[PDB]
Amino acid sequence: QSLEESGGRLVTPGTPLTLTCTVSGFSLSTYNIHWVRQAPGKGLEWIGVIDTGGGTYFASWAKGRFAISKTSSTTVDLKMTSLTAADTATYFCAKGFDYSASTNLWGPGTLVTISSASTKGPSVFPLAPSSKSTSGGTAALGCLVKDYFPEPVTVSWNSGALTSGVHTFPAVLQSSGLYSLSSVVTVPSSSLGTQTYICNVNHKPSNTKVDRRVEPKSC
């Protein structure tokens, strides 16, 4: 039993936007659906709810800018109008047992960006030590994911097989107006000659998919 949001993307202000909550393993004839959002670095904010009969109710601030509809036995749309930069956020849907937004079943979220800037895909550069021996028995390796817009980018290591010792940093907005993000991992020095370490980078908004192998630079 799960939910998954989709449709979060970059649009210019005033462009209408529709998000979709796709559900699996429970019935919309039995459960309600809540929508919640969260601006970058901010707290959770309730938007509204649709009940089993399709009746909808919203936060006082919505003011008719938002609408909810059940479009099939497994899908629920959130339609948004008069969008501005204030509406840039990650949007969640959640299974409602009742009208209370208290529930243990949430989607992962879909990210919405309201901006007139254009999409740009990142370059991916190695963060590599000069030597296998530069820092003793442990080495740090990394990937610099530079100059993209909008959010998000995801990074994993070795196709998800390597998670321990991984630190993927929050994106920083550069003065250029593009984001940059670094991801690093600490690994044993003693096998750097033969073990492969690859960062798997994805920037879905630009259809950018890059695997970068990182190792110490040769002299």
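The numbering used is simple: start at 1 and walk along the sequence shown.
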Higher avg CA temperature factor (182-190 vs 58-66, as deposited) belongs to 58-66
When mean C-alpha B-factors in the record are compared for 4-12 and 210-218, the larger belongs to 210-218
Out of 108, 96, 136, 142, whose C-alpha atom has the biggest B factor in the entry?
96
Max C-alpha B-factor within the set 36, 28, 161, 50 falls on 161
For residue 121, does the deposited CA B-factor place it in the lowest, middle or highest third of the chain?
middle
Temperature factor at the Cα of residue 150, chain-ranked in thirds, falls in the lowest
Relative to the other modelled residues of the same chain, rank the CA B-factor of residue 32 and answer lowest, middle or highest third.
lowest
Quick tally, chain-level thirds of C-alpha B-factors: residue 201 sits in the lowest
Residue 23, C-alpha B-factor rank within chain (lowest, middle or highest third):
highest
